[PDB]
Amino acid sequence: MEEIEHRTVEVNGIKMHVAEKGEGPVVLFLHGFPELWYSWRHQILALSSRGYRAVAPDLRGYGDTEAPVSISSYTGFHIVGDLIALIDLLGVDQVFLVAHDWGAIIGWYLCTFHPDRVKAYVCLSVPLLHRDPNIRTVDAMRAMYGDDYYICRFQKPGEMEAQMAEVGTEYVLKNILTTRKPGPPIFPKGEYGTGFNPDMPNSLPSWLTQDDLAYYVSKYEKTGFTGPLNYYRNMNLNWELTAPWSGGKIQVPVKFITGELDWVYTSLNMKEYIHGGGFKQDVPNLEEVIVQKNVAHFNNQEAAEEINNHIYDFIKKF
């Protein structure tokens, strides 16, 4: 950890905190919500120990990276713009990509726009968002799950931030990180309440230390949740803007890994899409789908060694 190098770089007009370690082919790690570069700490160490250059930035709006004020600065194109600039800086033509949650949606965009830049992709938890020309991303979620589905509840500017503020930052982060409840997260009306987890434990599960939680908390207490929430607020706009790639296929090699209890895996008809043929139809070189038994949403932290090995074995074929 003390050997991990932290720097601030200038990419696509913003200032981005980059954590990195090791030399070799770059493995670029993209965190999601409500995560940080820190979420990748086990993968950064392991992969850098095996002759790979591990790079994990805080994404726009997160952690120690610049957080633009306008909701409009958080389209997928803005984030991919950041990352193309970062990769150009690292000095490489291609990278290996590993990603989780929002990081994975951004990762899919990168593979859509610049497949030539991604050798292979280890995708955690979030499969490709299939673009249905007949219905917008969030319209489809609201039709399926109603207005209290978390992504719908994240849409209205300021509202979720205020609801989170009432319960406090530490509660929100513990609530989400500790959850093991499968299925669509549906919030109680009018408030955060029990949010993602109606069964919060007194003690943190053994994969998360008091210090780990404190690191997340210290960053989020500074930045708030607005930048991260702004990604979700651009989902319908991403759907409009990604129209040029309608009915396209992704030819990058992909290894998809998810926990059995992951809420994404157990919602939005994702199991059908993943195993039923669609995912492979969109992603011809989807190789192995791995479902980790008794592991939930934060699988790279909860099952860190397993993840490390799957990443390595996969990327080494190349």
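From 1 onward, residues are counted along the sequence shown.
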**OP:** Give the stretch, out of 19-27 and 302-310, with the larger mean C-alpha temperature factor in the deposited entry.
**Re:** 19-27
**OP:** Decide which of the stretches 231-239 and 89-97 has the higher mean C-alpha B-factor, going by the entry.
**Re:** 89-97
Subject >> Options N202, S125, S72, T137 - largest CA temperature factor per the record >> reply: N202
**OP:** Tell me which of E260, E287, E35, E66 tops the list for C-alpha B factor in the record.
**Re:** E287
**OP:** Compare the C-alpha B factor of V254 with those of the other modelled residues in its chain, then answer lowest, middle or highest third.
**Re:** highest
Original post:
Going by the entry, which third of its chain does the Cα temperature factor of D82 land in?
Top reply: lowest
**OP:** Compare the C-alpha B factor of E221 with those of the other modelled residues in its chain, then answer lowest, middle or highest third.
**Re:** highest
Subject >> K181 by Cα B-factor - lowest, middle or highest third of the modelled chain >> reply: middle
Subject >> B-factor third for the C-alpha atom of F187 within its chain >> reply: middle
